[PDB]
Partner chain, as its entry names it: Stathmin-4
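Read the single chain below, which is given as structure tokens and is the form deposited without the partner chain.
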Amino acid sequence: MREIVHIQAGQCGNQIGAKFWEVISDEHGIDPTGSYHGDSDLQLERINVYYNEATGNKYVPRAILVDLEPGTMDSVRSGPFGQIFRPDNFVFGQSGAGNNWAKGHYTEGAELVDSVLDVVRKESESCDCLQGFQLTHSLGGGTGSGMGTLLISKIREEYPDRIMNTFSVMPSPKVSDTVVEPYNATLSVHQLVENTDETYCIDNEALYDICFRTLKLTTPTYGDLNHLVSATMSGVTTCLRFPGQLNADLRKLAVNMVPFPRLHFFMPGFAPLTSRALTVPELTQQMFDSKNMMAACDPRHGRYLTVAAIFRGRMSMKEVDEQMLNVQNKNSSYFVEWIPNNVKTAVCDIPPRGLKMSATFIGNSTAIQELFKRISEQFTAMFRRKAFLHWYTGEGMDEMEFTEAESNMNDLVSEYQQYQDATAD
């Protein structure tokens, strides 16, 4: 039945996860009590992918809410859709992770991990045919980063034949909670490279840049940044949630989007960039523009290994095809010649809320190395001076673990460079 199990960990993970649920519930016609009130049968056709059927024609998100900080329970439960979640799916600790990856991965997180897995098991066992897991988290904190990656590795050992998909929020000094963010993110990337099938790189640096460019914000709130995350999350899951020409799940997406196992970090994009009707050529140009990417990398500095594009709304499907082929013909140098027909387009008749037409971009680009280089350079600046190292070693971590994570991220950067320079011999 192609069910997905959704997990949200830490402060960022729960904030973006709640916004995803509010946005997709609106699209599917599901109110906060779990009742359906829409006008289309297409809204309920694939409802089972994200929602469990409850008593008396009600729908309940297949969602697990995790945090080491107790205050997260309260904020979610007080949100507009707070009541929609199953109360026994809230797995919360009391001490917090103090923005420390080691606390999330080895201490507080290791103590709560079994309780989460019991909830994951209960949801998984009730699925007719589990597609896989979707995890929302930041890489810059302690819980989403440390505990999220511990959870991923434990799920990978218990469900080895199921897809692991993440929506991973990359830290930026432009939007920063602490200077230990490069350590937390590097330690996490190392885990993501090995244990996830596909990761959507949601870069806080790119979110800040979009908000500055579009709303002239030098001081955006997490609400401003999250508007872009929820629009993107809705767009990238369109073909999982809605009936259409496409007969596909997360594995089929991973198969066609990931040519090399480690190179599974996507650069998401979105058009039009609104705030809290464009023509098909305008949507297409905007979708391929550096200014519309949710990862702070210039696509023009690399090459696309693979591209997926999802158009939503009533538009000329002939115009979409012509526009997509035009991008590939006129700008052949930005796509690898050794993966034939590596740009795929899908069209969904249903547009998102407050928009008549939209386009969602999913790029597997070698330019993503710029994001990893940025984190690596900040990691190295901090690690060379051993600043804050006792926070991690005090939790039992060894300095070699830092050196190893550093080397693996640099190996990932060199792998992207190798394919960027590869020729179709």
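Positions refer to the first chain, counted from 1.
The same protein has a further form, the form solved in complex with the partner chain, not shown here; the description that follows concerns it.
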query: Region of this chain that lies against the partner chain in the deposited bound form, out of 33 to 41, 353 to 361, 54 to 62, 391 to 399 [heavy atom, 4.5 Å]; finding: 391 to 399
query: The partner chain contact at residue 137 in the deposited bound form, heavy atom, 4.5 Å; finding: no
query: Non-hydrogen atom contact residue 280 with the partner chain in the deposited bound form at 4.5 angstroms; finding: no
query: Non-hydrogen atom contact residue 304 with the partner chain in the deposited bound form at 4.5 angstroms; finding: no
query: Partner proximity in the deposited bound form: residue 91 to the partner chain, non-hydrogen atom cutoff 4.5 Å; finding: no
query: Residue (of 124, 323, 234, 191) lying close to the partner chain in the deposited bound form, criterion heavy atoms within 4.5 Å; finding: 191
query: In the deposited bound form, the one of 106, 85, 335, 288 near the partner chain [non-hydrogen atom within 4.5 angstroms]; finding: 106
query: Residues of 148 to 183 having any heavy atom within 4.5 Å of the partner chain in the deposited bound form, listed in sequence order; finding: 150, 153, 154, 156, 157
